[PDB]
Amino acid sequence: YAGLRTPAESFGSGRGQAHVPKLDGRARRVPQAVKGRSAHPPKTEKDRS
Amino acid sequence: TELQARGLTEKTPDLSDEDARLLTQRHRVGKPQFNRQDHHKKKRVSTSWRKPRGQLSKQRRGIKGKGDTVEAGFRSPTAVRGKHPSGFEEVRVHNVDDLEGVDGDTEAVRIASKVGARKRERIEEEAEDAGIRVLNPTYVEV
Amino acid sequence: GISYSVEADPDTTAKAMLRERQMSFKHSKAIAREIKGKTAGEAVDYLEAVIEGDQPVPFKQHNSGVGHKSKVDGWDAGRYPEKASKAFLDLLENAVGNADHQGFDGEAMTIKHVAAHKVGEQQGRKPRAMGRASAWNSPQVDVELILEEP
Amino acid sequence: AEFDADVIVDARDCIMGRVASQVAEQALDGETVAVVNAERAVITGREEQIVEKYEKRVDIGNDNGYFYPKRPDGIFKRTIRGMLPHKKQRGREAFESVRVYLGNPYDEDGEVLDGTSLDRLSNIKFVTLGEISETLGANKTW
RNA sequence: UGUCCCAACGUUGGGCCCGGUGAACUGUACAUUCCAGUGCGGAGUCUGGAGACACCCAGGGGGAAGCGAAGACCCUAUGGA
RNA sequence: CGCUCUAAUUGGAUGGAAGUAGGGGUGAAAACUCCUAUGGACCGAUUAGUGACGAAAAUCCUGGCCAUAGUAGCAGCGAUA
RNA sequence: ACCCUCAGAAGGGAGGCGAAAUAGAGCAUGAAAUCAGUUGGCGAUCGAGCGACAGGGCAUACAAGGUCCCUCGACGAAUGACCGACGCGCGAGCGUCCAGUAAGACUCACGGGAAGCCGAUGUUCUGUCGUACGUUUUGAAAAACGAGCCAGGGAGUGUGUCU
Ligand SMILES: [Cl-]
Ligand SMILES: [Cl-]
Ligand SMILES: [Cl-]
Ligand SMILES: [Cl-]
Ligand SMILES: [Cl-]
Ligand SMILES: [Cl-]
Ligand SMILES: [Cl-]
Ligand SMILES: [Mg+2]
Ligand SMILES: [Mg+2]
Ligand SMILES: [Mg+2]
Ligand SMILES: [Mg+2]
Ligand SMILES: [Mg+2]
Ligand SMILES: [Mg+2]
Ligand SMILES: [Mg+2]
Ligand SMILES: [Mg+2]
Ligand SMILES: [Mg+2]
Ligand SMILES: [Mg+2]
Ligand SMILES: [Mg+2]
Ligand SMILES: [Mg+2]
Ligand code: NA
Ligand code: NA
Ligand code: NA
Ligand code: NA
Ligand code: NA
Ligand code: NA
Ligand code: NA
Ligand code: NA
Ligand code: NA
Ligand code: NA
Ligand code: NA
Ligand code: NA
Ligand code: NA
Ligand code: NA
Ligand code: NA
Ligand SMILES: [Sr+2]
Ligand SMILES: [Sr+2]
Ligand SMILES: [Sr+2]
Ligand SMILES: [Sr+2]
Ligand SMILES: [Sr+2]
Ligand SMILES: [Sr+2]
Ligand SMILES: [Sr+2]
Ligand SMILES: [Sr+2]
Ligand SMILES: [Sr+2]
Ligand SMILES: [Sr+2]
Ligand SMILES: [Sr+2]
Ligand SMILES: [Sr+2]
Ligand SMILES: [Sr+2]
């Protein structure tokens, strides 16, 4: 759930801004966002044997 | 009273005629810079080479003036490729034992930068006695 | 903060510095530029004349909208930055003071080196229309001065 | 005011364009040329159509400006400028070592360049630079 | 009856110059342009000419198909309400 | 070719490691390497592996910063001080 | 610490400590963007994808590169003469012989020379070519879309099954 604990939403078109989820004026959740989730991180379910 | 470099500083390797010829060719022909397209137009774009991939790229399309594109045809002569300009083949050395098996007539030695002064002194005096030139010699005031 | 950016022979030189002064950085470049090479005493008289309004300071770089001044030589735009001038008078006061304490003829020394450097901004915020606020800052300026025997 | 010309060309009864072409050629080869008797230079064709063309050039213009010369002096020099890359260093240099004159300010007579001569006994459809200038409204100072 | 013929003079606050304070919009790059042409047919940047010494102040806004808003019109989506 | 960490084999470092800056050499190239200054404690090579492994771009994200600019505003309200 | 300066517990100067204060308080290192001062090159008559490749100017402590230039001679691929003689053409000019000769890129040897001198690096000038990049597109310099600049961040991953 790292990076997913936020209700951040995108404003969409209109304010001359990239459609990126934001909360309190901060971009969040998405992989390109600082403090966002890891896109393809190490996973516990992976069989390493 | 003046700085002097240790070792066989002026030593030259002995090359077959064909090798001296090819070494001379490489040096005369040279090659283009081969820097990345438009690296000069944007600071965030470094000089390190990257194949131009734009569908419309002028360099990719091979337009005269946009610089040469890396191709095998630019390779240097096999017989000389990699040689130090002096003609010597270089051998990376980290200690005195690395000097073993090195032919001073054909190879010159390059002491890794990490190596300290104490160990460099030993390596430098052992290479000279072995008739091996050291490309990056220590300068002492003699 | 800065460090003197030029070498100085202690035996024939005297130094001084201003720190984090809240004054126009742009005015400081203009003033430094104008007094360099002058004598401490000449610089002082010059700056007093600027504050008095009898001598304009050439504004050669930060000159947009600035009106021409007949007394400006070789250039057109100039002004009378009294605030930054007074700060430079404190610098010269300190400099010449140090110079004399060392046995030199303070006022007589040449301003060998003098340069202003922007060390930062004291940040401020100003409420604007439409529920937004924008920057309203103060420049922070360091300035170095090296006096040297003729 | 004194012009050490290596060559003094006499444009009298000579086809302007043909002289201009040779003076440009020589100027580019480093020669300093003085064209004399410009008002007497000549241009073949119907006087009425020739003048219309030069009148159109006088009328063209705007704020940016299209300053076209009216004196035979300048007409000829502009003609030469059109055969020189006057905006290039070498071209401006050549052009600047060329001068045209009304009458002959020299004591030495000019020479008639081969192939540029017009024979009045065999031609009737031609005009004179002086005539053109007068029509254009120039002040016949020559 | 200054809405108009047809505009004038005046008043107060700005505007302009000086001290202090001191933002924002906008910025691929280059950029002194003009006339024609060409080009995905609506070019400061391509071609040909023309013009062009650098910098600065004030101005009214012709152009940058100016800036501001992933066109609201129209159609399309095995979209929504 | 380059990056991380693991293992085996094997090396470098306070007689100055990594990093950074400027500079020399090699390689078609990814990139490798040396010199000098700074720095003041760690750093490789080969082989077999491991992978949150390579950016110029997404009106991409966050931080920092320049031009804009000593520019707009600090006048306008029946309360001109 | 002490002293000097100052309206001054500010700041500055000098000084003391320590291997180091360019370790003096968001105080290990200290990139880029970018700012001040300054060095080299260019610069107030001249033109715009900012360069690539050639070639000139000017600039250069050492180290890590050491070459380069001129006479002559040797070798000498494709190519390839002048002149002279003879013979044709109205003419421009051509043919035959001289002759596949002289010449001919590179490379080398002898003799002489250069050390800012050769390379290289900075900048500038000349020549040739040249209207970014990525994307959308039949067609992009585009008056189609994206970005102010830099640094860092930023996209084929796991389980199961199948082939
Ligand atoms: Cl290969
Ligand atoms: Cl500022
Ligand atoms: Cl005109
Ligand atoms: Cl030209
Ligand atoms: Cl006739
Ligand atoms: Cl060869
Ligand atoms: Cl993939
Ligand atoms: Mg995270
Ligand atoms: Mg770049
Ligand atoms: Mg103004
Ligand atoms: Mg409100
Ligand atoms: Mg839309
Ligand atoms: Mg509708
Ligand atoms: Mg519905
Ligand atoms: Mg091994
Ligand atoms: Mg990265
Ligand atoms: Mg890309
Ligand atoms: Mg403005
Ligand atoms: Mg620090
Ligand atoms: Na939360
Ligand atoms: Na597992
Ligand atoms: Na200026
Ligand atoms: Na003046
Ligand atoms: Na004046
Ligand atoms: Na004619
Ligand atoms: Na005209
Ligand atoms: Na009225
Ligand atoms: Na306008
Ligand atoms: Na944006
Ligand atoms: Na050069
Ligand atoms: Na697109
Ligand atoms: Na494009
Ligand atoms: Na277009
Ligand atoms: Na901004
Ligand atoms: Sr909309
Ligand atoms: Sr080292
Ligand atoms: Sr300015
Ligand atoms: Sr000719
Ligand atoms: Sr043009
Ligand atoms: Sr206006
Ligand atoms: Sr990644
Ligand atoms: Sr700013
Ligand atoms: Sr008031
Ligand atoms: Sr108001
Ligand atoms: Sr001290
Ligand atoms: Sr031969
Ligand atoms: Sr970045």
# chains A, B, ... in the order shown; residues from 1 in each chain; ligands from 1
$ residues_near_ligand --ligand "ligand 43" --cutoff "12 Å" --atoms "only C-alpha atoms (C1' of nucleotides) and all ligand atoms" --output "JSON, numbers by chain"
{"E": [13, 14], "F": [74, 75, 76, 79, 80, 81]}
$ closest_atom_pairs --of "chain D" --to "ligand 26" --cutoff "6 Å" --atoms "only C-alpha atoms and all ligand atoms" --output "CSV"
residue,atom,partner,partner_atom_place_in_ligand_line,distance
D:57,CA,ligand 26,1 (Na),5.2
D:58,CA,ligand 26,1 (Na),3.6
D:59,CA,ligand 26,1 (Na),4.8
D:60,CA,ligand 26,1 (Na),4.4
D:61,CA,ligand 26,1 (Na),4.9
D:66,CA,ligand 26,1 (Na),4.7
D:67,CA,ligand 26,1 (Na),4.7
D:68,CA,ligand 26,1 (Na),4.7
$ write_last_selection --atoms "C-alpha atoms" --output "CSV table (one decimal), in the first residue's frame"
chain,number,residue,atom,x,y,z
D,57,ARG,CA,12.5,50.5,-59.5
D,58,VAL,CA,12.4,54.2,-58.5
D,59,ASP,CA,8.7,53.8,-57.5
D,60,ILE,CA,9.2,50.6,-55.5
D,61,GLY,CA,9.8,51.0,-51.8
D,66,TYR,CA,14.3,50.3,-51.6
D,67,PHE,CA,16.6,53.1,-52.4
D,68,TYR,CA,17.3,52.9,-56.1
$ select_by_dssp --residues "chain C" --states "strand (DSSP E)" --output "MDAnalysis selection string"
chainID C and resid 13:21 57:58 78:79 110:122 125:127 133:135 138:148
$ residues_near_ligand --ligand "ligand 29" --cutoff "9 Å" --atoms "only C-alpha atoms (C1' of nucleotides) and all ligand atoms" --output "list in words"
residues 16, 17 and 18 of chain A; 59 of chain F; 147 of chain G
$ write_last_selection --atoms "C-alpha atoms (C1' of nucleotides)" --output "PDB file, in the first residue's frame"
ATOM      1  CA  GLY A  16      -3.205  24.497 -17.388  1.00  0.00           C
ATOM      2  CA  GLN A  17      -1.839  21.534 -15.500  1.00  0.00           C
ATOM      3  CA  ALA A  18      -0.863  17.935 -16.216  1.00  0.00           C
TER       4      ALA A  18
ATOM      5  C1'   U F  59       0.369  20.660 -20.297  1.00  0.00           C
TER       6        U F  59
ATOM      7  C1'   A G 147       8.966  21.810 -22.888  1.00  0.00           C
TER       8        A G 147
END
$ interface_residues --of "chain A" --to "chain G" --cutoff "9 Å" --atoms "only C-alpha atoms (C1' of nucleotides)" --output "PyMOL selection string"
chain A and resi 31-34+39-47
$ write_last_selection --atoms "N, CA and C atoms" --output "JSON list (two decimals), in the first residue's frame"
[["chain", "number", "residue", "atom", "x", "y", "z"],
["A", 31, "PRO", "N", 3.42, 6.59, -10.11],
["A", 31, "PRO", "CA", 4.86, 6.32, -10.14],
["A", 31, "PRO", "C", 5.78, 7.48, -10.47],
["A", 32, "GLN", "N", 5.37, 8.40, -11.34],
["A", 32, "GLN", "CA", 6.26, 9.52, -11.65],
["A", 32, "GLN", "C", 6.24, 10.56, -10.55],
["A", 33, "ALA", "N", 5.30, 10.44, -9.62],
["A", 33, "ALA", "CA", 5.23, 11.41, -8.53],
["A", 33, "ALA", "C", 6.14, 11.06, -7.36],
["A", 34, "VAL", "N", 6.85, 12.06, -6.87],
["A", 34, "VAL", "CA", 7.69, 11.90, -5.70],
["A", 34, "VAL", "C", 6.68, 11.55, -4.60],
["A", 39, "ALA", "N", 6.22, 1.49, -9.23],
["A", 39, "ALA", "CA", 5.51, 0.82, -10.33],
["A", 39, "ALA", "C", 5.61, -0.71, -10.40],
["A", 40, "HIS", "N", 6.83, -1.24, -10.36],
["A", 40, "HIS", "CA", 7.06, -2.69, -10.42],
["A", 40, "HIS", "C", 8.13, -3.05, -9.38],
["A", 41, "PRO", "N", 7.77, -2.99, -8.09],
["A", 41, "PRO", "CA", 8.66, -3.29, -6.96],
["A", 41, "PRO", "C", 8.82, -4.77, -6.64],
["A", 42, "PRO", "N", 9.82, -5.09, -5.80],
["A", 42, "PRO", "CA", 10.08, -6.47, -5.38],
["A", 42, "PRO", "C", 8.79, -6.94, -4.74],
["A", 43, "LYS", "N", 8.42, -8.19, -4.96],
["A", 43, "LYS", "CA", 7.19, -8.72, -4.41],
["A", 43, "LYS", "C", 7.42, -9.95, -3.57],
["A", 44, "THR", "N", 6.77, -9.96, -2.42],
["A", 44, "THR", "CA", 6.84, -11.06, -1.49],
["A", 44, "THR", "C", 6.39, -12.39, -2.12],
["A", 45, "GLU", "N", 5.34, -12.34, -2.94],
["A", 45, "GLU", "CA", 4.79, -13.54, -3.58],
["A", 45, "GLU", "C", 5.74, -14.24, -4.55],
["A", 46, "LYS", "N", 6.80, -13.56, -4.95],
["A", 46, "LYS", "CA", 7.75, -14.16, -5.88],
["A", 46, "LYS", "C", 8.48, -15.37, -5.34],
["A", 47, "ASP", "N", 8.49, -16.45, -6.12],
["A", 47, "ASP", "CA", 9.18, -17.68, -5.76],
["A", 47, "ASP", "C", 10.67, -17.51, -6.04]]
$ closest_atom_pairs --of "chain E" --to "chain A" --cutoff "10 Å" --atoms "only C-alpha atoms (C1' of nucleotides)" --output "tab-separated table"
residue	atom	partner	partner_atom	distance
E:68	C1'	A:16	CA	9.2
E:69	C1'	A:14	CA	5.6
E:70	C1'	A:13	CA	6.1
$ select_by_dssp --residues "range 51-139 of chain C" --states "helix (DSSP H, G or I)" --output "ChimeraX atom specification"
/C:51-52,82-101,106-108,129-131
$ residues_near_ligand --ligand "ligand 18" --cutoff "9 Å" --atoms "only C-alpha atoms (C1' of nucleotides) and all ligand atoms" --output "MDAnalysis selection string"
(chainID C and resid 64:65) or (chainID F and resid 68:69 71)
$ residues_near_ligand --ligand "ligand 30" --cutoff "10 Å" --atoms "only C-alpha atoms (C1' of nucleotides) and all ligand atoms" --output "PyMOL selection string"
chain G and resi 55-59+121-125
$ residues_near_ligand --ligand "ligand 31" --cutoff "12 Å" --atoms "only C-alpha atoms (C1' of nucleotides) and all ligand atoms" --output "VMD selection string"
(chain E and resid 70) or (chain F and resid 57 to 58) or (chain G and resid 134 to 137 140 144 to 146)
$ write_last_selection --atoms "N, CA, C and O atoms (P, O5', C5', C4', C3', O3' and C1' of nucleotides)" --output "PDB file, in the first residue's frame"
ATOM      1  P     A E  70      -5.562  23.699 -19.872  1.00  0.00           P
ATOM      2  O5'   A E  70      -5.689  22.849 -21.213  1.00  0.00           O
ATOM      3  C5'   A E  70      -6.619  21.759 -21.303  1.00  0.00           C
ATOM      4  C4'   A E  70      -6.864  21.388 -22.746  1.00  0.00           C
ATOM      5  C3'   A E  70      -8.146  20.587 -22.940  1.00  0.00           C
ATOM      6  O3'   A E  70      -8.729  20.928 -24.185  1.00  0.00           O
ATOM      7  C1'   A E  70      -6.332  19.315 -23.723  1.00  0.00           C
TER       8        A E  70
ATOM      9  P     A F  57      13.216  13.842 -19.756  1.00  0.00           P
ATOM     10  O5'   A F  57      11.690  14.232 -20.025  1.00  0.00           O
ATOM     11  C5'   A F  57      11.341  15.572 -20.396  1.00  0.00           C
ATOM     12  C4'   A F  57      10.562  15.617 -21.708  1.00  0.00           C
ATOM     13  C3'   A F  57       9.218  14.902 -21.842  1.00  0.00           C
ATOM     14  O3'   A F  57       8.334  15.841 -22.420  1.00  0.00           O
ATOM     15  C1'   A F  57      10.489  14.602 -23.793  1.00  0.00           C
ATOM     16  P     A F  58       7.445  16.780 -21.476  1.00  0.00           P
ATOM     17  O5'   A F  58       6.134  15.919 -21.235  1.00  0.00           O
ATOM     18  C5'   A F  58       5.374  15.444 -22.357  1.00  0.00           C
ATOM     19  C4'   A F  58       4.594  14.210 -21.976  1.00  0.00           C
ATOM     20  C3'   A F  58       3.619  14.381 -20.830  1.00  0.00           C
ATOM     21  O3'   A F  58       2.439  14.964 -21.361  1.00  0.00           O
ATOM     22  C1'   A F  58       4.753  12.292 -20.676  1.00  0.00           C
TER      23        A F  58
ATOM     24  P     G G 134      14.743  13.118 -32.932  1.00  0.00           P
ATOM     25  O5'   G G 134      13.393  12.855 -32.124  1.00  0.00           O
ATOM     26  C5'   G G 134      13.410  12.092 -30.895  1.00  0.00           C
ATOM     27  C4'   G G 134      12.094  12.217 -30.169  1.00  0.00           C
ATOM     28  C3'   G G 134      10.827  11.871 -30.937  1.00  0.00           C
ATOM     29  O3'   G G 134      10.628  10.469 -31.057  1.00  0.00           O
ATOM     30  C1'   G G 134      10.462  13.840 -29.683  1.00  0.00           C
ATOM     31  P     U G 135       9.709   9.888 -32.242  1.00  0.00           P
ATOM     32  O5'   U G 135       8.258  10.466 -31.935  1.00  0.00           O
ATOM     33  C5'   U G 135       7.595  10.182 -30.696  1.00  0.00           C
ATOM     34  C4'   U G 135       6.275  10.903 -30.634  1.00  0.00           C
ATOM     35  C3'   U G 135       5.339  10.662 -31.800  1.00  0.00           C
ATOM     36  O3'   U G 135       4.679   9.420 -31.676  1.00  0.00           O
ATOM     37  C1'   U G 135       5.365  12.964 -31.294  1.00  0.00           C
ATOM     38  P     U G 136       4.016   8.744 -32.968  1.00  0.00           P
ATOM     39  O5'   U G 136       2.875   9.766 -33.405  1.00  0.00           O
ATOM     40  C5'   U G 136       1.673   9.927 -32.628  1.00  0.00           C
ATOM     41  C4'   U G 136       0.771  10.953 -33.272  1.00  0.00           C
ATOM     42  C3'   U G 136       0.422  10.697 -34.729  1.00  0.00           C
ATOM     43  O3'   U G 136      -0.656   9.805 -34.844  1.00  0.00           O
ATOM     44  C1'   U G 136       1.013  12.961 -34.462  1.00  0.00           C
ATOM     45  P     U G 137      -0.630   8.659 -35.960  1.00  0.00           P
ATOM     46  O5'   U G 137      -0.436   9.417 -37.353  1.00  0.00           O
ATOM     47  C5'   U G 137      -1.459  10.258 -37.879  1.00  0.00           C
ATOM     48  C4'   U G 137      -0.936  11.116 -39.014  1.00  0.00           C
ATOM     49  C3'   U G 137      -0.419  10.465 -40.289  1.00  0.00           C
ATOM     50  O3'   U G 137      -1.477   9.980 -41.109  1.00  0.00           O
ATOM     51  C1'   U G 137       0.888  12.357 -39.756  1.00  0.00           C
ATOM     52  P     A G 140       6.951  14.653 -42.943  1.00  0.00           P
ATOM     53  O5'   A G 140       6.949  16.013 -42.121  1.00  0.00           O
ATOM     54  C5'   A G 140       7.475  17.216 -42.692  1.00  0.00           C
ATOM     55  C4'   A G 140       7.662  18.270 -41.626  1.00  0.00           C
ATOM     56  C3'   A G 140       8.476  17.886 -40.395  1.00  0.00           C
ATOM     57  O3'   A G 140       9.328  18.973 -40.022  1.00  0.00           O
ATOM     58  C1'   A G 140       6.359  18.691 -39.724  1.00  0.00           C
ATOM     59  P     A G 144      -0.383  24.750 -38.549  1.00  0.00           P
ATOM     60  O5'   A G 144      -1.175  24.643 -37.175  1.00  0.00           O
ATOM     61  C5'   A G 144      -0.500  24.291 -35.962  1.00  0.00           C
ATOM     62  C4'   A G 144      -1.001  22.960 -35.469  1.00  0.00           C
ATOM     63  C3'   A G 144      -0.437  22.552 -34.127  1.00  0.00           C
ATOM     64  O3'   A G 144      -1.204  23.187 -33.114  1.00  0.00           O
ATOM     65  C1'   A G 144      -0.232  20.743 -35.631  1.00  0.00           C
ATOM     66  P     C G 145      -0.484  23.725 -31.793  1.00  0.00           P
ATOM     67  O5'   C G 145      -0.217  22.399 -30.967  1.00  0.00           O
ATOM     68  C5'   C G 145      -1.299  21.559 -30.556  1.00  0.00           C
ATOM     69  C4'   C G 145      -0.751  20.350 -29.864  1.00  0.00           C
ATOM     70  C3'   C G 145       0.314  20.666 -28.834  1.00  0.00           C
ATOM     71  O3'   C G 145      -0.231  21.091 -27.604  1.00  0.00           O
ATOM     72  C1'   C G 145       1.082  18.925 -30.205  1.00  0.00           C
ATOM     73  P     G G 146       0.593  22.131 -26.704  1.00  0.00           P
ATOM     74  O5'   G G 146       1.832  21.273 -26.188  1.00  0.00           O
ATOM     75  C5'   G G 146       1.633  20.128 -25.345  1.00  0.00           C
ATOM     76  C4'   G G 146       2.957  19.605 -24.853  1.00  0.00           C
ATOM     77  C3'   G G 146       3.961  20.650 -24.413  1.00  0.00           C
ATOM     78  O3'   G G 146       3.679  21.079 -23.092  1.00  0.00           O
ATOM     79  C1'   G G 146       5.046  19.045 -25.763  1.00  0.00           C
TER      80        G G 146
END
$ decode --residues "range 73-95 of chain B" --atoms "N, CA, C and O atoms" --output "PDB file, in the first residue's frame"
ATOM      1  N   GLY B  73      32.032   0.617 -40.228  1.00  0.00           N
ATOM      2  CA  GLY B  73      32.990   1.133 -41.190  1.00  0.00           C
ATOM      3  C   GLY B  73      34.012   2.097 -40.610  1.00  0.00           C
ATOM      4  O   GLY B  73      35.054   2.318 -41.227  1.00  0.00           O
ATOM      5  N   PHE B  74      33.735   2.662 -39.432  1.00  0.00           N
ATOM      6  CA  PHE B  74      34.658   3.611 -38.801  1.00  0.00           C
ATOM      7  C   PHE B  74      35.698   2.942 -37.908  1.00  0.00           C
ATOM      8  O   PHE B  74      36.590   3.611 -37.395  1.00  0.00           O
ATOM      9  N   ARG B  75      35.582   1.633 -37.712  1.00  0.00           N
ATOM     10  CA  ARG B  75      36.531   0.894 -36.872  1.00  0.00           C
ATOM     11  C   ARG B  75      37.988   1.088 -37.297  1.00  0.00           C
ATOM     12  O   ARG B  75      38.294   1.274 -38.473  1.00  0.00           O
ATOM     13  N   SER B  76      38.893   1.031 -36.331  1.00  0.00           N
ATOM     14  CA  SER B  76      40.309   1.202 -36.621  1.00  0.00           C
ATOM     15  C   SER B  76      40.929  -0.141 -37.062  1.00  0.00           C
ATOM     16  O   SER B  76      40.347  -1.210 -36.855  1.00  0.00           O
ATOM     17  N   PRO B  77      42.120  -0.104 -37.673  1.00  0.00           N
ATOM     18  CA  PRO B  77      42.758  -1.351 -38.120  1.00  0.00           C
ATOM     19  C   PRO B  77      42.973  -2.334 -36.969  1.00  0.00           C
ATOM     20  O   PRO B  77      43.544  -1.990 -35.932  1.00  0.00           O
ATOM     21  N   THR B  78      42.510  -3.560 -37.156  1.00  0.00           N
ATOM     22  CA  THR B  78      42.645  -4.586 -36.132  1.00  0.00           C
ATOM     23  C   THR B  78      44.043  -4.663 -35.500  1.00  0.00           C
ATOM     24  O   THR B  78      44.184  -4.733 -34.279  1.00  0.00           O
ATOM     25  N   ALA B  79      45.067  -4.629 -36.345  1.00  0.00           N
ATOM     26  CA  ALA B  79      46.460  -4.721 -35.925  1.00  0.00           C
ATOM     27  C   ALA B  79      46.973  -3.604 -35.024  1.00  0.00           C
ATOM     28  O   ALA B  79      48.065  -3.703 -34.465  1.00  0.00           O
ATOM     29  N   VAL B  80      46.205  -2.543 -34.863  1.00  0.00           N
ATOM     30  CA  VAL B  80      46.689  -1.440 -34.053  1.00  0.00           C
ATOM     31  C   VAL B  80      45.660  -0.923 -33.059  1.00  0.00           C
ATOM     32  O   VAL B  80      46.001  -0.215 -32.109  1.00  0.00           O
ATOM     33  N   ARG B  81      44.405  -1.298 -33.282  1.00  0.00           N
ATOM     34  CA  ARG B  81      43.290  -0.903 -32.431  1.00  0.00           C
ATOM     35  C   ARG B  81      43.632  -1.021 -30.943  1.00  0.00           C
ATOM     36  O   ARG B  81      44.006  -2.092 -30.460  1.00  0.00           O
ATOM     37  N   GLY B  82      43.514   0.085 -30.220  1.00  0.00           N
ATOM     38  CA  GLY B  82      43.796   0.059 -28.800  1.00  0.00           C
ATOM     39  C   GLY B  82      45.209   0.428 -28.390  1.00  0.00           C
ATOM     40  O   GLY B  82      45.487   0.607 -27.204  1.00  0.00           O
ATOM     41  N   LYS B  83      46.120   0.552 -29.346  1.00  0.00           N
ATOM     42  CA  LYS B  83      47.480   0.902 -28.969  1.00  0.00           C
ATOM     43  C   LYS B  83      47.629   2.335 -28.530  1.00  0.00           C
ATOM     44  O   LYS B  83      46.943   3.225 -29.028  1.00  0.00           O
ATOM     45  N   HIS B  84      48.519   2.533 -27.560  1.00  0.00           N
ATOM     46  CA  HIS B  84      48.844   3.847 -27.029  1.00  0.00           C
ATOM     47  C   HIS B  84      49.451   4.548 -28.238  1.00  0.00           C
ATOM     48  O   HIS B  84      49.977   3.888 -29.135  1.00  0.00           O
ATOM     49  N   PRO B  85      49.374   5.881 -28.307  1.00  0.00           N
ATOM     50  CA  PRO B  85      49.960   6.511 -29.490  1.00  0.00           C
ATOM     51  C   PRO B  85      51.422   6.168 -29.779  1.00  0.00           C
ATOM     52  O   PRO B  85      51.833   6.145 -30.931  1.00  0.00           O
ATOM     53  N   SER B  86      52.200   5.890 -28.741  1.00  0.00           N
ATOM     54  CA  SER B  86      53.607   5.541 -28.920  1.00  0.00           C
ATOM     55  C   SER B  86      53.774   4.242 -29.706  1.00  0.00           C
ATOM     56  O   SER B  86      54.828   3.991 -30.276  1.00  0.00           O
ATOM     57  N   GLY B  87      52.728   3.423 -29.733  1.00  0.00           N
ATOM     58  CA  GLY B  87      52.783   2.155 -30.437  1.00  0.00           C
ATOM     59  C   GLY B  87      52.733   0.997 -29.451  1.00  0.00           C
ATOM     60  O   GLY B  87      52.470  -0.148 -29.821  1.00  0.00           O
ATOM     61  N   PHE B  88      52.989   1.297 -28.181  1.00  0.00           N
ATOM     62  CA  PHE B  88      52.966   0.283 -27.132  1.00  0.00           C
ATOM     63  C   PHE B  88      51.579  -0.274 -26.856  1.00  0.00           C
ATOM     64  O   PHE B  88      50.574   0.425 -27.013  1.00  0.00           O
ATOM     65  N   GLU B  89      51.522  -1.540 -26.455  1.00  0.00           N
ATOM     66  CA  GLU B  89      50.257  -2.145 -26.072  1.00  0.00           C
ATOM     67  C   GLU B  89      50.291  -1.856 -24.576  1.00  0.00           C
ATOM     68  O   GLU B  89      51.339  -1.996 -23.955  1.00  0.00           O
ATOM     69  N   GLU B  90      49.176  -1.424 -23.998  1.00  0.00           N
ATOM     70  CA  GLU B  90      49.163  -1.103 -22.574  1.00  0.00           C
ATOM     71  C   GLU B  90      48.764  -2.243 -21.668  1.00  0.00           C
ATOM     72  O   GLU B  90      47.886  -3.044 -22.001  1.00  0.00           O
ATOM     73  N   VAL B  91      49.415  -2.311 -20.513  1.00  0.00           N
ATOM     74  CA  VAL B  91      49.100  -3.333 -19.527  1.00  0.00           C
ATOM     75  C   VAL B  91      48.815  -2.634 -18.203  1.00  0.00           C
ATOM     76  O   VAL B  91      49.660  -1.899 -17.681  1.00  0.00           O
ATOM     77  N   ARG B  92      47.610  -2.859 -17.687  1.00  0.00           N
ATOM     78  CA  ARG B  92      47.153  -2.274 -16.429  1.00  0.00           C
ATOM     79  C   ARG B  92      47.879  -2.982 -15.275  1.00  0.00           C
ATOM     80  O   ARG B  92      47.853  -4.212 -15.179  1.00  0.00           O
ATOM     81  N   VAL B  93      48.516  -2.216 -14.393  1.00  0.00           N
ATOM     82  CA  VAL B  93      49.256  -2.822 -13.294  1.00  0.00           C
ATOM     83  C   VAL B  93      48.815  -2.288 -11.935  1.00  0.00           C
ATOM     84  O   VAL B  93      48.666  -1.083 -11.747  1.00  0.00           O
ATOM     85  N   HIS B  94      48.612  -3.192 -10.983  1.00  0.00           N
ATOM     86  CA  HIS B  94      48.177  -2.802  -9.648  1.00  0.00           C
ATOM     87  C   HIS B  94      49.236  -3.070  -8.593  1.00  0.00           C
ATOM     88  O   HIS B  94      49.138  -2.570  -7.477  1.00  0.00           O
ATOM     89  N   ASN B  95      50.238  -3.865  -8.946  1.00  0.00           N
ATOM     90  CA  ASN B  95      51.311  -4.196  -8.016  1.00  0.00           C
ATOM     91  C   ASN B  95      52.540  -4.700  -8.763  1.00  0.00           C
ATOM     92  O   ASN B  95      52.545  -4.760  -9.994  1.00  0.00           O
TER      93      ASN B  95
END
